[PDB]
Amino acid sequence: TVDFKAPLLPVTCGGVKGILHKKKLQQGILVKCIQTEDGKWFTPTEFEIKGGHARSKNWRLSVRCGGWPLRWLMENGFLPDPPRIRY
Amino acid sequence: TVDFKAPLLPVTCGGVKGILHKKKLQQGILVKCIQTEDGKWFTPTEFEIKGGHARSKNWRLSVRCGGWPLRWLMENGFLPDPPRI
DNA sequence: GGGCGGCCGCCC
DNA sequence: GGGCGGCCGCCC
C-alpha cells in the first residue's frame, strides 16, 4: 500500500523503482526529484528515460505511483502539478 | 461547470454535443445512450465516430463532459463503467 | 473485437 | 524545448 499524502512517494517507470521527493518536484521540472536505490538522482523526464519510456514523451503518464500515473495523483490532490515552461 | 451527479449529462466530442443518459449507459456499450438535438441516438463509440474521433478508438477518452474525459467521471464515481465485452 | 499503452506530431 | 491529443497495433 502507498500513502499518497506523504512527502516521499515510491514511484516506478518501466520496472525501475525510485523515490519522488515532493519538495523537490515543487521547485520545477528541471530539478532532480527522484532518487533510485543506488543513490542516483533524476528529473521526471530523466526518470521516464531511465525506465525506457523516452518515446512516450509524457512523464506524468509514464511515471506511476501505487499503480496510478502521476497525473492521477495530481487530479486527486496528492501531488502538486509543477508549472509549464513557457515558449 | 456541470452537475456530474445528474442522470442526464451534456457530453461533447469534437464539435458535436449531445445528452448522455446514465441509465442507458449502465446497460452496456452496445446500448444507444447519447441523444443529439435532432433526436438521433448513438452508442458511445458511434458518438465518437460522429464527432470525428473514429481513429482514436477510445470513447472513454474521446467523449468529454465538463471538459473531462468520461474516464475521469468513472474514476471519480459519477458514471457507470459499462462491462467489457 | 474493444480499448489502452506506446508513440509522436504539433502548438505554445 | 515540454507535454497532450490524436492515432493505432495488439493484448485478452
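In what follows, chains are A, B, ... by sequence order, proteins preceding strands, each numbered from 1.
- Taking CG of B/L73 as the start and CZ of B/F4 as the end, the distance is 5.0 Å to the nearest 0.5 Å.
- Put simply, CZ on A/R84 and CZ on A/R86 are 14.0 Å apart, with the number rounded to the nearest 0.5 Å.
- Partners of B/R84 by salt bridge (charged side-chain N to carboxylate O under 4.0 Å, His left out), not counting sequence neighbours, listed by chain and number: B/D81.
- Of the possible donor and acceptor atoms, one in the side chain of B/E46 sits under 3.5 Å from a partner among the backbone N and O of B/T43.
- Evaluation of the side chain to side chain contact (heavy atoms under 4.5 Å, CB included) rule for A/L61 yields A/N58, A/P69, A/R71 as partners, not counting sequence neighbours.
- For A/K22, the side chain to side chain contact (heavy atoms under 4.5 Å, CB included) partners at least two apart in sequence or on another chain are A/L9, A/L20, A/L79.
- With rounding to the nearest 0.5 angstrom, the NE2 atom of B/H21 is 12.5 Å from the NZ atom of B/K23.
- Of the residues in residues 52-78 of chain A, A/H53, A/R55, A/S56, A/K57 come within less than 4.0 Å of DNA chain C through at least one heavy atom, sorted by number.
- Using a 4.0 Å cutoff to heavy atoms of chain A, the contacted part of DNA chain C runs 5' to 3' from C/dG6 to C/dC12.
- Judged by closest nucleotide on DNA chain D, A/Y87 is the one of A/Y87 and A/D81 placed further toward the 5' end.
- In this structure B/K40 satisfies the salt bridge (charged side-chain N to carboxylate O under 4.0 Å, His left out) test together with B/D38, sequence neighbours excluded.
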